[PDB]
Structures are given as C-alpha cells and as structure tokens.
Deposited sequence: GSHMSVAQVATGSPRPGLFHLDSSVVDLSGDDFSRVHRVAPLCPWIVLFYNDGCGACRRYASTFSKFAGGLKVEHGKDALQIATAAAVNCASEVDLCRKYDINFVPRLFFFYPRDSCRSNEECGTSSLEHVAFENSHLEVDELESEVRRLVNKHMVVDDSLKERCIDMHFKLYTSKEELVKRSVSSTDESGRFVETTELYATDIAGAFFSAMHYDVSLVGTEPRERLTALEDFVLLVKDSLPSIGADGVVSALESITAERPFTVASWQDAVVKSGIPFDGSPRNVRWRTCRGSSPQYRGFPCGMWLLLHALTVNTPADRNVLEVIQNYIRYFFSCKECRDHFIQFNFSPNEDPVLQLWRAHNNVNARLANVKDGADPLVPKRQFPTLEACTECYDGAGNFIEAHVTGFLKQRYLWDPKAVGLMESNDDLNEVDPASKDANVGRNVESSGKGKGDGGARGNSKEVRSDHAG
C-alpha cells in the first residue's frame, strides 16, 4: 500500500487501472490527462508539483472553457506495475491523454465507447502549456454539448470532494434516519442544477413536464427557493432561449436552502457509508413524498411527478421502471407513492454491487419507527401509515430557514 505523490491532493485521481468505469460511471464519457510516474523518482517528485497546480485549475464550478471537462489523474508505477508495462512506461514522468472514441450528445443515451489515448510528445509542460495542450486535445478529439460538459464537471467534483474527505479524515457509521428538510432542498437543487441541464427544455412535452413540476414545488413547498426557478422558467423565449449557463445561474441565485455548495451537496438523511452511495436518488424520493403530502388542491401530483421523472430523471433504469407504475385516481397519492417506493425497496433488497452495505433496503416504515401502522400482528396496517407519512413529510417552511451551527464546517 503505497501513498504515492498525490495522496494528499484531492485534485488528482489516483488510478490503479485502465477501466474508467471503476473510477465513476460517467468517467468513460470524459477526457483524462494522466501522469504516469514513480513515487521514488526525483524528476517525478519535482514535476508532481506542476501537475498538481494544473489539476487545481480544473476546479471551476461552472466552466465556459472546454478545458473544464478534463480531469487530472496519475498512475504510480511503483504500485501499478502491470499497468505501466501495458502502456510501455519505462522512463517517467509520461503524460497520456485519454478520451472516448465518440462523444455523447445531449439527448442521446451515452453508451460504452472505445477508450482512446494519445501519448504527449513532451511530458515536461508548464501549467500554461498543459492547459493549452489539454484544451487543444479536447477540442480536436471531442464534440462537447453543454450537457456533456455538465456531465463531466459533476463527475470530477464528486471525486474531488470524496477524496478531500479521505484526506481530511487523514488528520463507526450510523445511518441518519430522521428526515431533514435540507435533503429535500438538496434534491430540488440537484434536480434543477443537474437533471434539467442534461436534457434541456425541448420538446414542448418536456418543457410542460418541467413547468408543472416546478409550479407544484413552489405551491407545495413554500420557501424552498422554487420562486426564482419559476421566474427563470418564465424567462425563456424564442428570443432568449434556454442555455445551461443561464439556467444554472438562476438556479444558484434562487436561494434554495440546501446545505453544502453547488458542487458539493450535503446530505444528512441521505448520507451513505461512502459518498458514492445514496445521496441524490434518496433525496428525490424524499422530495416526491413531501409533494404528495404537501400538495394543494386537486393538483395532479402523481401525474406531475411521473411526467417529470419521465422527461428528467438522470437514472435510466429508474426512469424506465417508474413509468410502468399505473397510478389510480381513486386512492390517496400518499399511499400509492408509498407502495411504489416499498415495491422498489423489495426489488433492491438483495443487490450487492452498487449498494450501500451499511444501509439495507427494508419495507417502510419499520416496526420500530411505526408500531401503530405496523400492527395487526403479522401484517401491515395501511390506516395509520397515512397519518405517519402525512406527519413525517409535512412541510414546515420555518424548519429549513433557521440558524445552522458553524462547526458544521466539519
């Protein structure tokens, strides 16, 4: 177990291998600048500083510049011997550029593509020459829609922040069961900042699906910052069309009361044993239940929800299964969504790969949590389950806004 030259540097991804889907599921879609080095190499030790300064510049939160879709990574040839032999690394340092043969386009479904690479002619580049050469290589080798840009920026911020945690803790787990308003807001924020940016507002069906959803969030959940979003949605004209850049600006400016920052969203209820687990998906369920519970009028909540998931949700498999749900008009939406979710819980009960080992899926609510709706001896009582859900998901606008503790800088 060698630390290498980057162990404290959250801007650089340490690679043990060639398969970028093990880094992250979106990684194969994005360009990589890779430093092969040896941790005992003085020249490499000296250059790692330059490489690290450069990587630090791949942290812009909303980039205009296509350089920003790149991410820096490194392979320590002292640890990964087979990998370096595979690339014929003899002398170090060496810079390689990696990129997908074909680029994913906005509303196409990105598939697996062939991993391509380009050895740099000169591996001694200064920071500025590094940016120029990486930008050039990205432009030459890739077609980047705004959606793909968002895809990759989001992906490397997940890694920066996950590694920074490991670094911070380099100086036991218990699930947080209580519902926190801020998770619902994080979900709303991530829905607007990420999911909508990927697909845009076209065609008219999709734009309608989004308008209904945002309109619903605003009227269901006051003081969650949906006002600004509504305004942004209204500002779109054939004259001033949707752009990811202006959309994300308005979204950030809406003042949604999520914890964390636009590129690092803090989950509480939805925090997992590792940051790759739970988070946004867990957040979305919460937002959806809260809407069923807090919805005004005869409002079509289940219909609105399903239209949104259909045109918006960034989980392919999730989107496909949720559309298969036939929601009856009769039964209470709170109960229908509740059954749907537990249905998904059941399917997912035993999955190993991809799952948080320390957060089982159960049938919800559990005995402990609710003994009043969970009674009837050996079965489930759907009488109190409503009361429990309408209690637990009830939205109190003064819950979110209120002093938070600064020591949560930790």
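**Item:** Deposited positions without coordinates, collected into consecutive stretches in sequence order
**Value:** Coordinates drop out over 1 to 13, 185 to 191, 431 to 470.
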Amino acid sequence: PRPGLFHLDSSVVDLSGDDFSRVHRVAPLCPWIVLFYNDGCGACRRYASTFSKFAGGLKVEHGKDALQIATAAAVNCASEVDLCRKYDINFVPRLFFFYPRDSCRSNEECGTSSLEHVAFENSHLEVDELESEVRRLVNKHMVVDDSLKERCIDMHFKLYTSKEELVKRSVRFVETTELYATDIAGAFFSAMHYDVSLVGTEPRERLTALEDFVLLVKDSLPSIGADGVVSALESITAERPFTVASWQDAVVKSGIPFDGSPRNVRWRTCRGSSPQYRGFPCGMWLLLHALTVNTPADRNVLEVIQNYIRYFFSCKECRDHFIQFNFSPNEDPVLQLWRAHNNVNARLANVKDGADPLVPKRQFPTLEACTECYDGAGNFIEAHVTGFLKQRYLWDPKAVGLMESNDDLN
From here on, numbers count along this sequence of modelled residues.
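**Item:** Higher-scoring stretch by recorded Cα B factor average, 279 to 287 or 220 to 228
**Value:** Per the PDB record, 220 to 228.
**Request:** Would you tell me which stretch averages the higher CA B-factor in the PDB entry, 373 to 381 or 43 to 51?
**Result:** Between 373 to 381 and 43 to 51, it is 373 to 381.
**Request:** Using the temperature factors in the entry, find which of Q336, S103, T176, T71 has the highest value at its Cα atom.
**Result:** Top of the list by C-alpha B-factor: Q336.
**Message:** Among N300, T182, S274, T161, where is the Cα B factor highest in this entry?
**Reply:** Highest CA B-factor of the listed options: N300.
**Prompt:** Sorting the chain's CA B-factors, does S11 end up in the lowest, middle or highest third?
**Reply:** Lowest third - that is where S11 ends up once the chain's C-alpha B-factors are sorted.
**Request:** Divide the modelled residues of the chain into thirds by Cα B-factor and specify which third, lowest, middle or highest, holds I323.
**Result:** CA B-factor rank for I323: highest third.
**Prompt:** Looking at the C-alpha B-factor of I89, is it in the lowest, middle or highest third of its chain?
**Reply:** Its C-alpha B-factor belongs to the lowest third of this chain's values.
**Request:** Can you work out whether the C-alpha temperature factor of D154 puts it in the lowest, middle or highest third of the chain?
**Result:** Its C-alpha B-factor belongs to the lowest third of this chain's values.
**Request:** Check where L130 lands among this chain's C-alpha B-factors and tell me if it's the lowest, middle or highest third.
**Result:** Within its chain, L130 is a lowest-third residue by C-alpha B-factor, going by the deposited values.
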